Colleague: 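Below are the structure tokens for one structure; questions will follow.
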Amino acid sequence: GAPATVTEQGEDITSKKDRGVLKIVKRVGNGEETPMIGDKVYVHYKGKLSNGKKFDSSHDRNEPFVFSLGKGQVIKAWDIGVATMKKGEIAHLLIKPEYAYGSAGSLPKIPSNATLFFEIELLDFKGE
Ligand SMILES: COc1cc2cc(c1OC)OCCCOCCCCCOC(=O)[C@@H]1CCCCN1C(=O)[C@H]2C1CCCCC1
């Protein structure tokens, strides 16, 4: 169970060391450059509630998913986790609601106090 594997085996990459974002690297990337805040980043991802109840993929949309790192165009967890990644890396994230959609949730897709699981591949990142 990919979400459980990440609970057991994930690195806590939070500042406050609150196990709110957990990470395993599943495939290794290239170089030592990782993206800085304001970098434009290209990814493919597979995502779900850890309940396994709703599911989501860039592939559904038939195209890469693009955002500006650390601009809050995504959840705090993504801005934190993707920043730790290298070009070509695949990693797994398990995320507590404080780094996702909180007690307010995001209905209908996301309920209150949801935990999320993503598989993310980083493809590219160009400077601001
Ligand atoms: C709460 O809304 C959604 C959440 C998520 C996917 C959604 C979505 O509908 C708006 O549709 C995919 C179409 C892309 O639309 C822009 C995504 C920006 C929204 C912010 O997204 C995020 O911060 C993260 C990371 C980037 C990929 C999308 N993600 C999500 O949380 C996903 C959810 C969808 C349900 C299963 C878990 C992942």
Side-chain angles (χ1 to χ4, degrees), residues 1-45 47-50 52 55-60 63-70 72-75 77-108 110-125 127:
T5 301
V6 175
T7 294
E8 266 69 301
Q9 308 183 358
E11 186 194 327
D12 184 353
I13 52 172
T14 60
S15 282
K16 278 196 215 163
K17 283 294 187 255
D18 59 20
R19 297 182 48 71
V21 189
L22 293 178
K23 181 195 176 179
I24 311 174
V25 175
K26 304 303 279 140
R27 204 236 280 139
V28 172
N30 305 120
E32 34 179 10
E33 307 145 26
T34 74
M36 303 282 163
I37 310 334
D39 279 358
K40 187 149 156 278
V41 288
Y42 300 83
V43 304
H44 278 310
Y45 79 86
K48 58 170 186 186
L49 310 187
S50 41
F55 208 101
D56 176 55
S57 183
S58 47
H59 303 93
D60 289 324
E63 79 189 347
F65 178 80
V66 184
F67 71 116
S68 284
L69 182 60
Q73 312 192 328
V74 293
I75 55 179
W78 265 46
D79 283 343
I80 294 159
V82 166
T84 72
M85 298 185 57
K86 288 163 173 208
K87 210 174 110 184
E89 186 183 304
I90 304 166
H92 283 177
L93 297 186
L94 196 69
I95 298 156
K96 296 186 173 170
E98 298 85 359
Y99 297 84
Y101 293 101
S103 53
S106 192
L107 290 188
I110 323 283
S112 168
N113 292 130
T115 288
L116 307 193
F117 171 91
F118 291 90
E119 172 175 282
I120 298 175
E121 185 173 8
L122 177 55
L123 308 176
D124 207 4
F125 58 101

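Every number for a ligand or one of its atoms is a count from 1 in the order of the listing. Heads up: numbering here begins at 1 and tracks the sequence.
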Colleague: Any idea which atoms of ligand 1 are less than 4.0 Å away from a heavy-atom of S106?
Modeller: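 Near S106, the atoms of ligand 1 are 1 (C).
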Colleague: May I ask which of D56, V43, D60 has a heavy atom nearer to atom 34 (C) of ligand 1 than the others do?
Modeller: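 Nearest option to atom 34 (C) of ligand 1, by heavy atoms: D56.
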Colleague: Using distance alone, determine whether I75 and ligand 1 share an N or O pair under 3.5 Å.
Modeller: yes
Colleague: For residues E119 and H92, is any side-chain donor paired with an opposing acceptor at under 3.5 Å?
Modeller: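 Their side chains do contain a donor-acceptor pair, which is all the 3.5 Å distance test asks for.
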Colleague: Report the member of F67, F118, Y101 with the shortest heavy-atom distance to atom 21 (O) of ligand 1.
Modeller: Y101
Colleague: What verdict does the ring pair (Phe, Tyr, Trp, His ring centres under 6.0 Å) test give for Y45 and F65, after you've listed the backbone C-alpha separation in whole Å, the side-chain angles of each residue and the deciding distance to 0.1 Å?
Modeller: CA-CA 8 Å; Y45 79 86; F65 178 80; 5.7 Å; yes
Colleague: Which of the atoms in ligand 1, numbered in the order shown and given with their element, are less than 4.0 Å from a heavy-atom of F65?
Modeller: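 The atoms of ligand 1 under 4.0 Å from a heavy atom of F65 are 26 (C).
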Colleague: Does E89 pair with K26 as a salt bridge, N-O distance under 4.0 Å?
Modeller: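 Between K26 and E89 there is no salt bridge, as every charged N stays at least 4.0 Å from the carboxylate O atoms.
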Colleague: For ligand 1, which atoms, with element, lie under 4.0 Å from some heavy atom of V74?
Modeller: 23 (O)
Colleague: What residues form a side-chain contact (heavy atoms from CB on, under 4.5 Å) with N113, not counting sequence neighbours?
Modeller: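 Expected list: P97, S103.
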Colleague: Going by side-chain contact (heavy atoms from CB on, under 4.5 Å), name the residues that satisfy it together with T5, two or more places apart in sequence or in a different chain.
Modeller: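 Partners of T5 by the side-chain contact (heavy atoms from CB on, under 4.5 Å) criterion, ordered by chain and then number, come out as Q9, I24.
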